[PDB]
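Asks: Below is the file input38.tsv, which contains TSV, N, CA, C and O atoms.
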```tsv
chain	number	residue	atom	x	y	z
A	1	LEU	N	-41.47	-2.83	-36.70
A	1	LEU	CA	-41.57	-3.55	-35.41
A	1	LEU	C	-41.09	-4.99	-35.55
A	1	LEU	O	-40.66	-5.41	-36.62
A	2	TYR	N	-41.17	-5.74	-34.45
A	2	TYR	CA	-40.75	-7.15	-34.45
A	2	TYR	C	-39.30	-7.28	-34.94
A	2	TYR	O	-38.71	-6.29	-35.38
A	3	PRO	N	-38.70	-8.49	-34.91
A	3	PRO	CA	-37.33	-8.69	-35.38
A	3	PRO	C	-37.20	-8.37	-36.85
A	3	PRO	O	-38.18	-8.02	-37.50
A	4	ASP	N	-36.01	-8.56	-37.37
A	4	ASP	CA	-35.79	-8.35	-38.78
A	4	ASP	C	-36.42	-9.52	-39.51
A	4	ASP	O	-36.55	-9.52	-40.73
A	5	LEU	N	-36.79	-10.53	-38.71
A	5	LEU	CA	-37.38	-11.74	-39.22
A	5	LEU	C	-36.40	-12.43	-40.16
A	5	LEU	O	-36.72	-13.44	-40.80
A	6	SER	N	-35.19	-11.88	-40.21
A	6	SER	CA	-34.12	-12.40	-41.03
A	6	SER	C	-32.97	-12.87	-40.15
A	6	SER	O	-32.66	-14.06	-40.12
A	7	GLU	N	-32.36	-11.92	-39.43
A	7	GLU	CA	-31.23	-12.17	-38.51
A	7	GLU	C	-30.45	-13.48	-38.78
A	7	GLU	O	-29.88	-14.07	-37.86
A	8	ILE	N	-30.44	-13.89	-40.03
A	8	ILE	CA	-29.78	-15.10	-40.53
A	8	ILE	C	-30.28	-15.20	-41.95
A	8	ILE	O	-30.90	-16.17	-42.39
A	9	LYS	N	-30.05	-14.08	-42.58
A	9	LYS	CA	-30.48	-13.76	-43.91
A	9	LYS	C	-30.04	-12.33	-44.13
A	9	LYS	O	-29.45	-11.97	-45.14
A	10	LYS	N	-30.27	-11.56	-43.06
A	10	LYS	CA	-29.87	-10.18	-42.92
A	10	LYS	C	-28.36	-10.16	-42.77
A	10	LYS	O	-27.64	-9.55	-43.55
A	11	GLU	N	-27.91	-10.91	-41.76
A	11	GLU	CA	-26.48	-11.07	-41.48
A	11	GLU	C	-25.83	-11.71	-42.68
A	11	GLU	O	-24.65	-11.53	-42.95
A	12	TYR	N	-26.65	-12.45	-43.41
A	12	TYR	CA	-26.23	-13.11	-44.62
A	12	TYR	C	-26.31	-12.11	-45.74
A	12	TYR	O	-25.61	-12.19	-46.75
A	13	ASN	N	-27.19	-11.16	-45.51
A	13	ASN	CA	-27.42	-10.09	-46.43
A	13	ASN	C	-26.47	-8.95	-46.17
A	13	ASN	O	-26.35	-8.03	-46.98
A	14	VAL	N	-25.83	-9.00	-45.02
A	14	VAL	CA	-24.91	-7.96	-44.64
A	14	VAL	C	-23.47	-8.40	-44.77
A	14	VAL	O	-22.61	-7.61	-45.12
A	15	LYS	N	-23.22	-9.66	-44.51
A	15	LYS	CA	-21.90	-10.23	-44.60
A	15	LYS	C	-21.34	-10.04	-46.00
A	15	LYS	O	-20.14	-9.94	-46.21
A	16	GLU	N	-22.27	-9.99	-46.94
A	16	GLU	CA	-21.94	-9.80	-48.35
A	16	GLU	C	-21.66	-8.33	-48.62
A	16	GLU	O	-20.97	-7.97	-49.57
A	17	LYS	N	-22.21	-7.49	-47.75
A	17	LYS	CA	-22.06	-6.06	-47.82
A	17	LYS	C	-21.00	-5.62	-46.87
A	17	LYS	O	-20.25	-4.69	-47.13
A	18	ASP	N	-20.90	-6.34	-45.78
A	18	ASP	CA	-19.89	-6.06	-44.78
A	18	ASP	C	-18.55	-6.54	-45.30
A	18	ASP	O	-17.56	-6.60	-44.57
A	19	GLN	N	-18.55	-6.91	-46.57
A	19	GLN	CA	-17.38	-7.41	-47.23
A	19	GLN	C	-17.10	-6.67	-48.53
A	19	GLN	O	-16.12	-6.97	-49.22
A	20	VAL	N	-17.95	-5.70	-48.88
A	20	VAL	CA	-17.77	-4.94	-50.11
A	20	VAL	C	-17.67	-3.45	-49.86
A	20	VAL	O	-16.80	-2.78	-50.43
A	21	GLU	N	-18.54	-2.91	-49.01
A	21	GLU	CA	-18.51	-1.47	-48.70
A	21	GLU	C	-17.07	-1.01	-48.53
A	21	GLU	O	-16.71	0.12	-48.87
A	22	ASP	N	-16.24	-1.92	-48.01
A	22	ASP	CA	-14.82	-1.65	-47.81
A	22	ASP	C	-14.16	-1.30	-49.12
A	22	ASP	O	-13.46	-0.30	-49.25
A	23	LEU	N	-14.39	-2.15	-50.10
A	23	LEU	CA	-13.82	-1.96	-51.40
A	23	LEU	C	-14.44	-0.80	-52.16
A	23	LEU	O	-14.30	-0.67	-53.37
A	24	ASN	N	-15.09	0.07	-51.40
A	24	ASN	CA	-15.70	1.27	-51.94
A	24	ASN	C	-15.39	2.44	-51.00
A	24	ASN	O	-15.20	3.57	-51.44
A	25	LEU	N	-15.31	2.12	-49.71
A	25	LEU	CA	-14.98	3.10	-48.69
A	25	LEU	C	-13.81	2.56	-47.87
A	25	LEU	O	-13.80	2.61	-46.64
A	26	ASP	N	-12.83	2.05	-48.60
A	26	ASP	CA	-11.62	1.48	-48.02
A	26	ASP	C	-10.69	0.94	-49.10
A	26	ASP	O	-9.48	0.84	-48.90
A	27	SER	N	-11.24	0.57	-50.24
A	27	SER	CA	-10.42	0.05	-51.32
A	27	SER	C	-9.82	1.21	-52.11
A	27	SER	O	-8.74	1.09	-52.69
A	28	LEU	N	-10.54	2.33	-52.14
A	28	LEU	CA	-10.08	3.50	-52.86
A	28	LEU	C	-9.54	4.56	-51.91
A	28	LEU	O	-9.34	5.72	-52.28
A	29	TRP	N	-9.27	4.13	-50.70
A	29	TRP	CA	-8.72	4.99	-49.66
A	29	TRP	C	-7.34	4.46	-49.28
A	29	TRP	O	-6.61	5.05	-48.48
A	30	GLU	N	-7.03	3.30	-49.85
A	30	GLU	CA	-5.80	2.57	-49.62
A	30	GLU	C	-4.64	3.17	-50.40
A	30	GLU	O	-4.85	4.21	-51.07
```
Spit out the file's structure as structure tokens when you get a sec.

Replies:
Amino acid sequence: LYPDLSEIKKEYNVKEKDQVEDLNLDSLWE
């Protein structure tokens, strides 16, 4: 329940992932 209580930690926690998953599900598909 409630927010992620992060939403600027999460996005910070995701931006780092939203920048790598590619190189795993896009870097080896290239």

Asks: Between atom CA of residue 6 of chain A and atom CA of residue 18 of chain A, what distance in Å does the model show, to one decimal?

Replies: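 Pair atom CA of residue 6 of chain A / atom CA of residue 18 of chain A returns 16.0 Å.
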
Asks: List every residue of chain A that DSSP, applied to the backbone of this structure, places in helix (DSSP H, G or I), and write the result as a ChimeraX atom specification.

Replies: /A:11-14,21-23

Asks: Figure out the distance between atom CA of residue 22 of chain A and atom CA of residue 1 of chain A, please, to one decimal in Å.

Replies: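 Between atom CA of residue 1 of chain A and atom CA of residue 22 of chain A the gap works out to 29.5 Å.
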
Asks: Box along x, y and z, 6 Å on every side, all listed atoms of segment 10-13 of chain A inside: centre and edge lengths in Å to one decimal, as lines of an AutoDock Vina configuration file.

Replies:
```
center_x = -27.5
center_y = -10.6
center_z = -44.2
size_x = 17.6
size_y = 17.1
size_z = 17.5
```

Asks: Atom CA of residue 8 of chain A and atom N of residue 20 of chain A are how many Å apart?

Replies: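 Between atom CA of residue 8 of chain A and atom N of residue 20 of chain A the gap is 17.3 Å.
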